[PDB]
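**Student:** I'm passing along start_21.cif; it holds mmCIF, C-alpha atoms.
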```cif
data_target
#
loop_
_atom_site.label_atom_id
_atom_site.label_comp_id
_atom_site.auth_asym_id
_atom_site.auth_seq_id
_atom_site.Cartn_x
_atom_site.Cartn_y
_atom_site.Cartn_z
CA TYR A 470 161.97 34.57 119.83
CA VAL A 471 164.52 36.32 122.04
CA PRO A 472 167.34 34.85 124.16
CA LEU A 473 167.34 34.89 127.95
CA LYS A 474 169.94 37.70 127.96
CA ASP A 475 167.85 40.00 125.72
CA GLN A 476 164.58 39.96 127.70
CA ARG A 477 165.26 43.28 129.44
CA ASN A 478 163.37 46.11 127.69
CA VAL A 479 160.81 44.35 125.48
CA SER A 480 157.26 45.70 125.20
CA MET A 481 154.10 43.90 126.42
CA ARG A 482 156.16 40.86 127.53
CA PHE A 483 158.74 41.81 130.17
CA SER A 484 159.41 44.79 132.43
CA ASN A 485 162.50 46.99 132.41
CA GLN A 486 163.52 45.71 135.86
CA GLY A 487 164.12 42.15 134.66
CA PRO A 488 162.06 38.95 134.53
CA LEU A 489 162.62 37.80 138.13
CA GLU A 490 161.91 41.21 139.68
CA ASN A 491 158.79 43.16 140.67
CA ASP A 492 159.48 46.63 142.10
CA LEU A 493 157.16 48.85 140.07
CA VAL A 494 156.35 52.36 141.31
CA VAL A 495 152.87 53.69 140.51
CA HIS A 496 151.71 57.31 140.48
CA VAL A 497 148.59 58.64 142.20
CA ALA A 498 146.86 62.02 141.88
CA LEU A 499 144.79 63.62 144.65
CA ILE A 500 141.78 65.64 143.45
CA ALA A 501 138.93 66.84 145.65
CA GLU A 502 135.30 67.57 144.75
CA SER A 503 134.14 70.70 146.58
CA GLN A 504 135.78 73.71 148.21
CA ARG A 505 134.32 72.85 151.62
CA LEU A 506 135.73 69.32 151.54
CA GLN A 507 139.19 70.47 150.41
CA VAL A 508 139.42 73.20 153.05
CA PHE A 509 138.23 70.74 155.71
CA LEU A 510 140.94 68.28 154.65
CA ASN A 511 143.53 71.08 154.61
CA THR A 512 142.61 71.95 158.20
CA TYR A 513 143.94 68.49 159.14
CA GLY A 514 147.03 68.80 156.91
CA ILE A 515 145.57 66.80 154.02
CA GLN A 516 146.46 68.28 150.62
CA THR A 517 143.89 67.98 147.83
CA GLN A 518 142.93 70.09 144.83
CA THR A 519 139.51 71.28 143.68
CA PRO A 520 138.42 70.30 140.14
CA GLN A 521 138.11 73.99 139.17
CA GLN A 522 141.88 74.59 139.51
CA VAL A 523 142.89 72.09 136.80
CA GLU A 524 141.28 74.05 133.94
CA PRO A 525 143.80 73.00 131.22
CA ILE A 526 143.08 69.37 132.17
CA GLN A 527 139.70 67.64 132.02
CA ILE A 528 138.25 64.77 134.05
CA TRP A 529 135.63 62.59 132.35
CA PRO A 530 133.80 59.40 133.34
CA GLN A 531 134.34 55.98 131.78
CA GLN A 532 131.35 56.10 129.41
CA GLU A 533 132.99 58.84 127.32
CA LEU A 534 135.80 56.49 126.27
CA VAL A 535 133.23 53.74 125.68
CA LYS A 536 131.22 55.89 123.26
CA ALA A 537 134.42 57.14 121.62
CA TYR A 538 135.54 53.56 121.00
CA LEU A 539 132.05 52.73 119.72
CA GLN A 540 132.39 55.57 117.20
CA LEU A 541 135.46 53.88 115.70
CA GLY A 542 135.33 51.11 113.11
CA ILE A 543 132.28 52.23 111.10
CA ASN A 544 132.03 51.56 107.36
CA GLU A 545 129.05 52.43 105.18
CA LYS A 546 129.52 50.21 102.11
CA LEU A 547 129.61 46.92 104.03
CA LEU B 246 152.65 101.91 149.15
CA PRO B 247 151.09 105.30 148.15
CA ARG B 248 154.50 106.97 147.72
CA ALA B 249 157.46 105.38 145.95
CA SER B 250 160.01 106.96 148.31
CA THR B 251 160.43 109.76 150.85
CA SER B 252 161.66 112.23 148.21
CA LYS B 253 159.35 111.20 145.34
CA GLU B 254 155.61 111.86 145.59
CA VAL B 255 154.79 109.16 143.02
CA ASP B 256 156.67 106.97 140.55
CA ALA B 257 155.10 105.22 137.59
CA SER B 258 157.24 102.12 138.24
CA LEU B 259 154.87 101.04 141.03
CA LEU B 260 152.62 99.71 138.25
CA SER B 261 154.93 96.75 137.60
CA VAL B 262 154.77 95.73 141.27
CA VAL B 263 150.96 95.86 141.24
CA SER B 264 150.48 94.21 137.84
CA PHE B 265 151.54 91.19 135.75
CA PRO B 266 155.07 90.69 137.21
CA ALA B 267 155.34 89.65 140.87
CA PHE B 268 151.92 90.27 142.38
CA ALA B 269 152.82 91.37 145.93
CA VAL B 270 149.98 93.52 147.29
CA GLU B 271 146.91 93.18 149.50
CA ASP B 272 143.88 95.37 150.31
CA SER B 273 142.84 95.98 146.69
CA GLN B 274 141.36 99.33 147.74
CA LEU B 275 144.93 100.64 147.84
CA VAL B 276 145.47 99.13 144.37
CA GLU B 277 142.50 101.08 143.03
CA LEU B 278 143.66 104.22 144.86
CA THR B 279 147.17 104.11 143.39
CA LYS B 280 145.83 103.32 139.91
CA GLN B 281 143.44 106.29 140.05
CA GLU B 282 146.20 108.54 141.40
CA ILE B 283 148.69 107.57 138.68
CA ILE B 284 145.99 108.00 136.03
CA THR B 285 144.96 111.44 137.27
CA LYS B 286 148.50 112.74 137.80
CA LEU B 287 150.85 111.13 135.24
CA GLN B 288 148.62 110.72 132.18
CA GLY B 289 149.63 112.73 129.12
CA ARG B 290 148.78 112.92 125.43
CA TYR B 291 151.04 110.37 123.68
CA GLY B 292 152.42 108.72 126.83
CA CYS B 293 153.05 109.00 130.56
CA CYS B 294 155.99 110.24 132.61
CA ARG B 295 158.09 108.31 135.12
CA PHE B 296 157.97 110.93 137.88
CA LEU B 297 157.69 114.68 138.34
CA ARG B 298 160.69 116.92 137.59
CA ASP B 299 162.99 114.73 135.51
CA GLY B 300 165.17 116.44 132.94
CA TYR B 301 166.21 113.47 130.82
CA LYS B 302 166.46 114.41 127.12
CA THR B 303 165.52 118.10 127.36
CA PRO B 304 166.43 121.13 125.19
CA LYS B 305 168.02 122.60 128.36
CA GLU B 306 170.30 121.11 131.04
CA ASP B 307 173.45 121.07 128.83
CA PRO B 308 173.19 117.30 128.26
CA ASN B 309 176.98 116.87 128.03
CA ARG B 310 177.05 117.65 131.78
CA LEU B 311 176.00 115.55 134.78
CA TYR B 312 175.49 116.28 138.50
CA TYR B 313 172.57 118.70 138.17
CA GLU B 314 173.17 122.09 139.71
CA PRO B 315 170.56 122.98 142.36
CA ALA B 316 168.71 125.33 139.99
CA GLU B 317 165.69 123.26 138.91
CA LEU B 318 163.29 126.13 139.63
CA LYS B 319 161.18 125.95 136.44
CA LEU B 320 163.59 124.47 133.86
CA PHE B 321 162.12 120.98 134.36
CA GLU B 322 158.41 121.67 134.92
CA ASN B 323 155.60 120.46 132.63
CA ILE B 324 158.10 119.59 129.87
CA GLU B 325 158.65 116.00 130.96
CA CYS B 326 158.75 114.16 127.67
CA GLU B 327 156.80 110.81 127.68
CA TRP B 328 157.16 107.04 128.29
CA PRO B 329 154.77 104.63 126.48
CA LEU B 330 156.06 101.67 128.52
CA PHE B 331 153.56 102.36 131.28
CA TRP B 332 150.85 102.70 128.63
CA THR B 333 151.60 99.24 127.21
CA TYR B 334 151.57 97.99 130.81
CA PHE B 335 147.90 98.96 131.14
CA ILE B 336 146.67 96.70 128.33
CA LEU B 337 148.27 93.64 129.95
CA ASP B 338 147.02 94.65 133.39
CA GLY B 339 143.47 95.00 132.09
CA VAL B 340 143.43 91.81 130.03
CA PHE B 341 144.93 89.84 132.92
CA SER B 342 142.09 89.40 135.41
CA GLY B 343 138.68 90.31 134.00
CA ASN B 344 138.76 93.63 132.14
CA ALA B 345 138.02 93.91 128.41
CA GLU B 346 136.68 97.38 127.55
CA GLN B 347 139.70 99.07 129.14
CA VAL B 348 141.87 96.77 127.02
CA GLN B 349 140.15 98.00 123.86
CA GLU B 350 140.46 101.63 125.00
CA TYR B 351 144.19 101.29 125.69
CA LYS B 352 144.78 99.40 122.44
CA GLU B 353 143.06 102.15 120.44
CA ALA B 354 145.02 104.76 122.38
CA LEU B 355 148.37 103.09 121.71
CA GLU B 356 147.70 102.28 118.05
CA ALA B 357 147.64 106.02 117.35
CA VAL B 358 151.19 106.53 118.67
CA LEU B 359 152.91 103.71 116.75
CA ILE B 360 155.53 104.26 114.05
CA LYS B 361 155.78 102.01 110.99
CA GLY B 362 159.32 101.25 109.85
CA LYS B 363 160.93 98.80 107.44
CA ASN B 364 158.70 95.99 106.11
CA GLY B 365 155.68 97.60 107.80
CA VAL B 366 156.03 96.16 111.31
CA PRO B 367 155.09 97.64 114.69
CA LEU B 368 157.79 99.69 116.41
CA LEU B 369 157.63 101.37 119.82
CA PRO B 370 159.40 104.74 120.16
CA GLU B 371 161.15 105.50 123.43
CA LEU B 372 159.86 109.03 124.00
CA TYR B 373 158.50 112.13 122.27
CA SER B 374 160.38 115.38 122.91
CA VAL B 375 158.90 118.87 123.17
CA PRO B 376 160.14 121.13 120.35
CA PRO B 377 162.85 123.54 121.54
CA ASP B 378 160.88 126.56 120.26
CA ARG B 379 157.36 125.90 121.60
CA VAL B 380 158.29 125.90 125.29
CA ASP B 381 156.61 129.04 126.65
CA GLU B 382 153.17 127.91 125.45
CA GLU B 383 153.39 124.61 127.33
CA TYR B 384 154.04 126.47 130.60
CA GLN B 385 150.62 128.14 130.22
CA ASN B 386 148.83 125.31 128.34
CA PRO B 387 150.23 121.97 129.55
CA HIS B 388 149.73 118.85 127.41
CA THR B 389 148.75 120.89 124.36
CA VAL B 390 151.84 121.30 122.15
CA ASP B 391 152.65 118.42 119.81
CA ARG B 392 155.93 116.55 120.29
CA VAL B 393 158.47 114.84 118.04
CA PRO B 394 160.11 111.41 118.32
CA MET B 395 163.70 111.56 119.54
CA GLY B 396 166.23 109.11 120.94
CA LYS B 397 166.82 105.45 120.23
CA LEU B 398 163.85 103.29 119.34
CA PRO B 399 164.91 99.62 119.13
CA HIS B 400 163.04 99.24 122.41
CA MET B 401 163.04 95.47 122.90
CA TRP B 402 161.42 95.62 126.36
CA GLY B 403 158.31 97.49 125.25
CA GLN B 404 157.96 95.62 121.96
CA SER B 405 158.27 92.25 123.70
CA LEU B 406 155.72 93.18 126.37
CA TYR B 407 153.31 94.56 123.75
CA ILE B 408 153.55 91.47 121.53
CA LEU B 409 153.07 89.25 124.59
CA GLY B 410 149.97 91.25 125.50
CA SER B 411 148.62 90.98 121.95
CA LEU B 412 149.19 87.21 121.95
CA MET B 413 147.43 87.00 125.32
CA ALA B 414 144.46 89.00 124.03
CA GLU B 415 144.21 86.89 120.87
CA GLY B 416 143.15 83.96 123.07
CA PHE B 417 145.77 81.47 121.86
CA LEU B 418 147.24 81.15 125.35
CA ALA B 419 145.56 81.00 128.78
CA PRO B 420 146.52 83.18 131.76
CA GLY B 421 147.10 80.12 133.97
CA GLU B 422 150.00 78.88 131.81
CA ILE B 423 152.33 81.86 132.22
CA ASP B 424 152.24 81.40 136.01
CA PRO B 425 151.99 77.72 137.04
CA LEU B 426 152.51 78.85 140.65
CA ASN B 427 149.03 80.48 140.63
CA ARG B 428 150.00 83.97 141.79
CA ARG B 429 146.67 85.43 140.60
CA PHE B 430 144.84 84.64 143.87
CA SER B 431 146.71 86.94 146.25
CA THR B 432 143.52 88.97 146.86
CA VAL B 433 141.53 86.02 148.26
CA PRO B 434 140.90 86.63 151.98
CA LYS B 435 141.89 84.09 154.63
CA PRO B 436 139.34 83.81 157.46
CA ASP B 437 141.41 82.97 160.56
CA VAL B 438 143.76 80.41 162.12
CA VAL B 439 143.78 78.55 165.44
CA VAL B 440 146.90 78.72 167.64
CA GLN B 441 148.06 75.79 169.78
CA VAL B 442 150.02 76.46 172.98
CA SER B 443 151.73 73.88 175.20
CA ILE B 444 152.66 74.37 178.87
CA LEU B 445 155.40 72.51 180.75
CA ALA B 446 156.96 72.81 184.21
CA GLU B 447 160.71 72.92 184.82
CA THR B 448 160.82 70.94 188.08
CA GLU B 449 158.56 68.76 190.22
CA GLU B 450 157.86 71.67 192.58
CA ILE B 451 156.45 73.77 189.73
CA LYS B 452 154.28 70.89 188.53
CA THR B 453 152.94 70.43 192.06
CA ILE B 454 152.19 74.15 192.35
CA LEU B 455 150.38 74.18 189.00
CA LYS B 456 148.38 71.07 189.93
CA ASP B 457 147.44 72.75 193.22
CA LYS B 458 145.48 75.41 191.31
CA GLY B 459 143.98 72.82 188.95
CA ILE B 460 146.40 73.10 186.01
CA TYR B 461 147.74 69.81 184.61
CA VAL B 462 151.15 69.91 182.90
CA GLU B 463 154.23 67.73 182.42
CA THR B 464 157.93 68.30 183.05
CA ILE B 465 160.86 68.12 180.64
CA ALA B 466 161.18 64.49 181.73
CA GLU B 467 158.59 61.85 180.71
CA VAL B 468 158.70 63.20 177.12
CA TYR B 469 162.16 61.74 176.33
CA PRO B 470 161.41 61.27 172.58
CA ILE B 471 161.09 65.07 172.20
CA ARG B 472 163.61 67.69 173.30
CA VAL B 473 163.60 71.45 173.90
CA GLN B 474 166.47 73.94 173.59
CA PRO B 475 166.85 77.69 172.97
CA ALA B 476 166.65 79.20 169.50
CA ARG B 477 170.25 80.45 169.40
CA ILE B 478 171.26 76.82 168.88
CA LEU B 479 168.77 76.76 166.00
CA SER B 480 170.35 79.85 164.45
CA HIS B 481 173.83 78.34 164.83
CA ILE B 482 172.45 75.26 163.06
CA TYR B 483 171.06 77.46 160.27
CA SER B 484 174.53 79.02 159.94
CA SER B 485 175.66 75.89 158.00
CA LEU B 486 173.25 75.87 155.04
CA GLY B 487 174.82 76.16 151.60
CA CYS B 488 178.44 75.89 152.73
CA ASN B 489 181.11 75.03 150.14
CA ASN B 490 184.85 74.91 150.76
#
```
Spit out the file's structure as structure tokens when you get a sec.
**Tutor:**
Amino acid sequence: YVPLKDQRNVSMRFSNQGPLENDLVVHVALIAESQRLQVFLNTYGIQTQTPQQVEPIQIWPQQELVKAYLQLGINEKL
Amino acid sequence: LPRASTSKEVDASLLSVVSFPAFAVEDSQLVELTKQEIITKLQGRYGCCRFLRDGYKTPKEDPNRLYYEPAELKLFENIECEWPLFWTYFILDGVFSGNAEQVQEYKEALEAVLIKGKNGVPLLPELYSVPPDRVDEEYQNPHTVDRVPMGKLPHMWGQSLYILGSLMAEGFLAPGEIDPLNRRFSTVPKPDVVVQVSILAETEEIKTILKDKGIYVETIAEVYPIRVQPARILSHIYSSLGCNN
């Protein structure tokens, strides 16, 4: 239980902007697929990056996290 | 590019421009040409020289005197000492893009010229000096007489670059992390660009004349949202950037 004056920076209950406020800013990342598509977009001023230029980072589908979560919580005795 | 300056036929310092720091060069054929030229002209036995006819740290010249007298006939020929900095440049240059065997060759070449000091750690000498006695033989047999270390050797620049190159070669760190700006792709050709040109008439008479021959344009009027003015106004506008009182 928290008072009405304390509900400012709690986790999973209220946002940092206050209870009666909604002004969240979300981030987006632009990533292309192929060199032809990215150069075609750049010809029109659109900026996008090929997947081969983000080598330190990796992009994986949703099933990888599903199988990783499935791996967790295994016990042999029971 | 081929010559460092109008008085110097070649300088070894052009390697830094055309290697790891500040890639600013195109037409890689010239890169290969200058690399081959520096290899064939400035390579020595235990190092390489900065440029032809330098007298720095020589058994002649009366080192306590400056402002060289114009008498460098043969007193500074083929006795240029050495500089392993440009040698330790080559290992980084090779390991940078795609070269591996040259990296091994340069590493094995430079491991022979190292000096072990306190605690048994690598140390890079500044230069090796020709002995003051064996000078006549070198004039007839260049790059044959052994040399001796001389001068200061807490060379932080060379040691730092060498240890950075060794860490790079060990594979712990990727080449794309040192330069997040991606300066490694300066040799990628650009096909072509398309230029857009707009035509406008100053007065109604000019527009009528252009339309007479079949050319359709517009005057300075009718495009009120946009404006046109000479570039001297633009320069006078630029004359106010970064002004502090």
**Student:** List as an MDAnalysis selection string the protein and nucleic acid residues near segment 439-453 of chain B, meaning an atom at most 12 Å away when only C-alpha atoms are counted, but skip any in the same chain fewer than 5 places from it.
**Tutor:** (chainID A and resid 512:513) or (chainID B and resid 458:468 473)
**Student:** Using the chain letters and numbers from the file, give me the residues hit by the PyMOL selection byres ((chain B) within 9 of (chain A)), as a PyMOL selection string.
**Tutor:** chain B and resi 419+421-422
**Student:** Of the candidates B:355, B:294, B:269, B:276, which one gets nearest to residue 256 of chain B if we count only C-alpha atoms?
**Tutor:** B:294
**Student:** Could you name the residues that touch residue 368 of chain B at 9 Å or less, counting all atoms listed in the file, but leaving out those on the same chain fewer than 2 positions away, as a PDB file with C-alpha atoms, in the coordinates of the input?
**Tutor:**
```pdb
ATOM      1  CA  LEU B 359     152.910 103.710 116.750  1.00  0.00           C
ATOM      2  CA  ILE B 360     155.530 104.260 114.050  1.00  0.00           C
ATOM      3  CA  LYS B 361     155.780 102.010 110.990  1.00  0.00           C
ATOM      4  CA  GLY B 362     159.320 101.250 109.850  1.00  0.00           C
ATOM      5  CA  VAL B 366     156.030  96.160 111.310  1.00  0.00           C
ATOM      6  CA  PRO B 370     159.400 104.740 120.160  1.00  0.00           C
ATOM      7  CA  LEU B 398     163.850 103.290 119.340  1.00  0.00           C
ATOM      8  CA  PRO B 399     164.910  99.620 119.130  1.00  0.00           C
ATOM      9  CA  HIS B 400     163.040  99.240 122.410  1.00  0.00           C
ATOM     10  CA  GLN B 404     157.960  95.620 121.960  1.00  0.00           C
TER      11      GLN B 404
END
```
**Student:** On this structure, which residues satisfy the PyMOL selection byres ((chain A and resi 492-501) around 7), written as an MDAnalysis selection string?
**Tutor:** chainID A and resid 490:491 502:503 507 517:520
**Student:** Quick one: distance from atom CA of residue 384 of chain B to atom CA of residue 296 of chain B in Å, one decimal?
**Tutor:**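 Here the two named atoms are 17.6 Å from each other.
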**Student:** Atom CA of residue 487 of chain A and atom CA of residue 471 of chain A are how many Å apart?
**Tutor:** 13.9 Å
**Student:** Please write as a list in words the full residue list that the PyMOL selection byres ((chain B and resi 413) around 12) yields on this file.
**Tutor:**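 For this structure, the PyMOL selection byres ((chain B and resi 413) around 12) captures residues 265, 336, 337, 338, 339, 340, 341, 342, 348, 406, 407, 408, 409, 410, 411, 412, 414, 415, 416, 417, 418, 419, 420, 421, 422 and 423 of chain B.
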**Student:** What is the atom CA of residue 402 of chain B-atom CA of residue 365 of chain B distance in Å, reported with one decimal?
**Tutor:** 19.5 Å
**Student:** For residue 489 of chain A, find every residue with an atom within 12 Å (counting only C-alpha atoms), except residues of its own chain fewer than 4 positions away, and show them as JSON, numbers by chain.
**Tutor:** {"A": [473, 476, 477, 483, 484, 485]}
**Student:** Please write as JSON, numbers by chain the list of polymer residues whose atoms come within 7 Å of (163.2, 117.5, 131.0), counting all atoms listed in the file and keeping to the coordinates of the file.
**Tutor:** {"B": [299, 300, 301, 302, 303, 321, 324, 325, 326]}
**Student:** For residue 381 of chain B, please output as an MDAnalysis selection string all residues within 12 Å (counting all atoms listed in the file; exclusion window: fewer than 6 positions along the same chain).
**Tutor:** chainID B and resid 319:320 322:324 375 387 389:390
**Student:** Nearest to residue 297 of chain B: which of B:253, B:281, B:271, B:260 is it, counting all atoms listed in the file?
**Tutor:** B:253
**Student:** Set up a box along x, y and z of the file covering all listed atoms of segment 504-521 of chain A, add 5 Å on every one of the six sides, and write the centre and edge lengths in Å to one decimal, as lines of an AutoDock Vina configuration file.
**Tutor:**
```
center_x = 140.7
center_y = 70.4
center_z = 149.2
size_x = 22.7
size_y = 17.2
size_z = 30.0
```
**Student:** Could you rebuild segment 491-516 of chain A with N, CA, C and O atoms and give me the result as a PDB file, keeping the file's coordinate frame?
**Tutor:**
```pdb
ATOM      1  N   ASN A 491     160.057  42.421 140.665  1.00  0.00           N
ATOM      2  CA  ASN A 491     158.790  43.160 140.670  1.00  0.00           C
ATOM      3  C   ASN A 491     158.931  44.270 141.712  1.00  0.00           C
ATOM      4  O   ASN A 491     158.703  44.049 142.904  1.00  0.00           O
ATOM      5  N   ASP A 492     159.308  45.458 141.246  1.00  0.00           N
ATOM      6  CA  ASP A 492     159.480  46.630 142.100  1.00  0.00           C
ATOM      7  C   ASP A 492     158.940  47.865 141.394  1.00  0.00           C
ATOM      8  O   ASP A 492     159.587  48.917 141.353  1.00  0.00           O
ATOM      9  N   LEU A 493     157.752  47.745 140.808  1.00  0.00           N
ATOM     10  CA  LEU A 493     157.160  48.850 140.070  1.00  0.00           C
ATOM     11  C   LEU A 493     156.690  49.948 141.018  1.00  0.00           C
ATOM     12  O   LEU A 493     156.201  49.676 142.119  1.00  0.00           O
ATOM     13  N   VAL A 494     156.844  51.197 140.586  1.00  0.00           N
ATOM     14  CA  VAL A 494     156.350  52.360 141.310  1.00  0.00           C
ATOM     15  C   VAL A 494     155.218  52.976 140.507  1.00  0.00           C
ATOM     16  O   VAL A 494     155.379  53.261 139.313  1.00  0.00           O
ATOM     17  N   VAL A 495     154.075  53.180 141.155  1.00  0.00           N
ATOM     18  CA  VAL A 495     152.870  53.690 140.510  1.00  0.00           C
ATOM     19  C   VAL A 495     152.616  55.106 140.998  1.00  0.00           C
ATOM     20  O   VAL A 495     152.973  55.454 142.130  1.00  0.00           O
ATOM     21  N   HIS A 496     152.014  55.924 140.139  1.00  0.00           N
ATOM     22  CA  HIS A 496     151.710  57.310 140.480  1.00  0.00           C
ATOM     23  C   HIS A 496     150.238  57.456 140.836  1.00  0.00           C
ATOM     24  O   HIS A 496     149.375  56.789 140.258  1.00  0.00           O
ATOM     25  N   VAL A 497     149.953  58.337 141.792  1.00  0.00           N
ATOM     26  CA  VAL A 497     148.590  58.640 142.200  1.00  0.00           C
ATOM     27  C   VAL A 497     148.414  60.155 142.178  1.00  0.00           C
ATOM     28  O   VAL A 497     149.379  60.900 142.386  1.00  0.00           O
ATOM     29  N   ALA A 498     147.195  60.605 141.895  1.00  0.00           N
ATOM     30  CA  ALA A 498     146.860  62.020 141.880  1.00  0.00           C
ATOM     31  C   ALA A 498     145.685  62.268 142.819  1.00  0.00           C
ATOM     32  O   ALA A 498     144.672  61.564 142.749  1.00  0.00           O
ATOM     33  N   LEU A 499     145.821  63.264 143.689  1.00  0.00           N
ATOM     34  CA  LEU A 499     144.790  63.620 144.650  1.00  0.00           C
ATOM     35  C   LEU A 499     143.989  64.805 144.111  1.00  0.00           C
ATOM     36  O   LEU A 499     144.547  65.882 143.882  1.00  0.00           O
ATOM     37  N   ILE A 500     142.689  64.598 143.914  1.00  0.00           N
ATOM     38  CA  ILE A 500     141.780  65.640 143.450  1.00  0.00           C
ATOM     39  C   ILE A 500     140.525  65.594 144.308  1.00  0.00           C
ATOM     40  O   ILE A 500     139.942  64.523 144.508  1.00  0.00           O
ATOM     41  N   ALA A 501     140.116  66.752 144.820  1.00  0.00           N
ATOM     42  CA  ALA A 501     138.930  66.840 145.650  1.00  0.00           C
ATOM     43  C   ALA A 501     137.681  66.999 144.780  1.00  0.00           C
ATOM     44  O   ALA A 501     137.721  66.875 143.552  1.00  0.00           O
ATOM     45  N   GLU A 502     136.551  67.268 145.429  1.00  0.00           N
ATOM     46  CA  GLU A 502     135.300  67.570 144.750  1.00  0.00           C
ATOM     47  C   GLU A 502     134.817  68.992 144.977  1.00  0.00           C
ATOM     48  O   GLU A 502     134.523  69.702 144.014  1.00  0.00           O
ATOM     49  N   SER A 503     134.731  69.422 146.235  1.00  0.00           N
ATOM     50  CA  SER A 503     134.140  70.700 146.580  1.00  0.00           C
ATOM     51  C   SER A 503     135.116  71.503 147.430  1.00  0.00           C
ATOM     52  O   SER A 503     136.030  70.950 148.045  1.00  0.00           O
ATOM     53  N   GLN A 504     134.910  72.821 147.444  1.00  0.00           N
ATOM     54  CA  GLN A 504     135.780  73.710 148.210  1.00  0.00           C
ATOM     55  C   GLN A 504     135.688  73.429 149.705  1.00  0.00           C
ATOM     56  O   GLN A 504     136.699  73.473 150.418  1.00  0.00           O
ATOM     57  N   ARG A 505     134.482  73.139 150.200  1.00  0.00           N
ATOM     58  CA  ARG A 505     134.320  72.850 151.620  1.00  0.00           C
ATOM     59  C   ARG A 505     135.097  71.609 152.026  1.00  0.00           C
ATOM     60  O   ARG A 505     135.785  71.598 153.054  1.00  0.00           O
ATOM     61  N   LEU A 506     135.015  70.551 151.217  1.00  0.00           N
ATOM     62  CA  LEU A 506     135.730  69.320 151.540  1.00  0.00           C
ATOM     63  C   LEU A 506     137.242  69.542 151.516  1.00  0.00           C
ATOM     64  O   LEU A 506     137.960  69.053 152.396  1.00  0.00           O
ATOM     65  N   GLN A 507     137.743  70.279 150.522  1.00  0.00           N
ATOM     66  CA  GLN A 507     139.190  70.470 150.410  1.00  0.00           C
ATOM     67  C   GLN A 507     139.713  71.340 151.547  1.00  0.00           C
ATOM     68  O   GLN A 507     140.791  71.079 152.091  1.00  0.00           O
ATOM     69  N   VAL A 508     138.961  72.375 151.937  1.00  0.00           N
ATOM     70  CA  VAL A 508     139.420  73.200 153.050  1.00  0.00           C
ATOM     71  C   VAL A 508     139.341  72.419 154.361  1.00  0.00           C
ATOM     72  O   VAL A 508     140.216  72.550 155.228  1.00  0.00           O
ATOM     73  N   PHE A 509     138.314  71.577 154.521  1.00  0.00           N
ATOM     74  CA  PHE A 509     138.230  70.740 155.710  1.00  0.00           C
ATOM     75  C   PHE A 509     139.409  69.780 155.793  1.00  0.00           C
ATOM     76  O   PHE A 509     139.990  69.587 156.866  1.00  0.00           O
ATOM     77  N   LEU A 510     139.777  69.167 154.666  1.00  0.00           N
ATOM     78  CA  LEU A 510     140.940  68.280 154.650  1.00  0.00           C
ATOM     79  C   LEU A 510     142.224  69.053 154.927  1.00  0.00           C
ATOM     80  O   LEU A 510     143.113  68.563 155.633  1.00  0.00           O
ATOM     81  N   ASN A 511     142.342  70.266 154.376  1.00  0.00           N
ATOM     82  CA  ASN A 511     143.530  71.080 154.610  1.00  0.00           C
ATOM     83  C   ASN A 511     143.667  71.477 156.068  1.00  0.00           C
ATOM     84  O   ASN A 511     144.788  71.646 156.564  1.00  0.00           O
ATOM     85  N   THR A 512     142.543  71.641 156.771  1.00  0.00           N
ATOM     86  CA  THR A 512     142.610  71.950 158.200  1.00  0.00           C
ATOM     87  C   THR A 512     143.316  70.845 158.980  1.00  0.00           C
ATOM     88  O   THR A 512     143.918  71.115 160.026  1.00  0.00           O
ATOM     89  N   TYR A 513     143.254  69.605 158.499  1.00  0.00           N
ATOM     90  CA  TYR A 513     143.940  68.490 159.140  1.00  0.00           C
ATOM     91  C   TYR A 513     145.289  68.176 158.495  1.00  0.00           C
ATOM     92  O   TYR A 513     145.896  67.155 158.835  1.00  0.00           O
ATOM     93  N   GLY A 514     145.770  69.020 157.583  1.00  0.00           N
ATOM     94  CA  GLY A 514     147.030  68.800 156.910  1.00  0.00           C
ATOM     95  C   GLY A 514     146.939  68.013 155.620  1.00  0.00           C
ATOM     96  O   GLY A 514     147.966  67.820 154.957  1.00  0.00           O
ATOM     97  N   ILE A 515     145.749  67.558 155.247  1.00  0.00           N
ATOM     98  CA  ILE A 515     145.570  66.800 154.020  1.00  0.00           C
ATOM     99  C   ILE A 515     145.555  67.754 152.831  1.00  0.00           C
ATOM    100  O   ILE A 515     144.823  68.751 152.830  1.00  0.00           O
ATOM    101  N   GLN A 516     146.361  67.451 151.818  1.00  0.00           N
ATOM    102  CA  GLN A 516     146.460  68.280 150.620  1.00  0.00           C
ATOM    103  C   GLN A 516     145.633  67.637 149.512  1.00  0.00           C
ATOM    104  O   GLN A 516     145.842  66.468 149.171  1.00  0.00           O
TER     105      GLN A 516
END
```
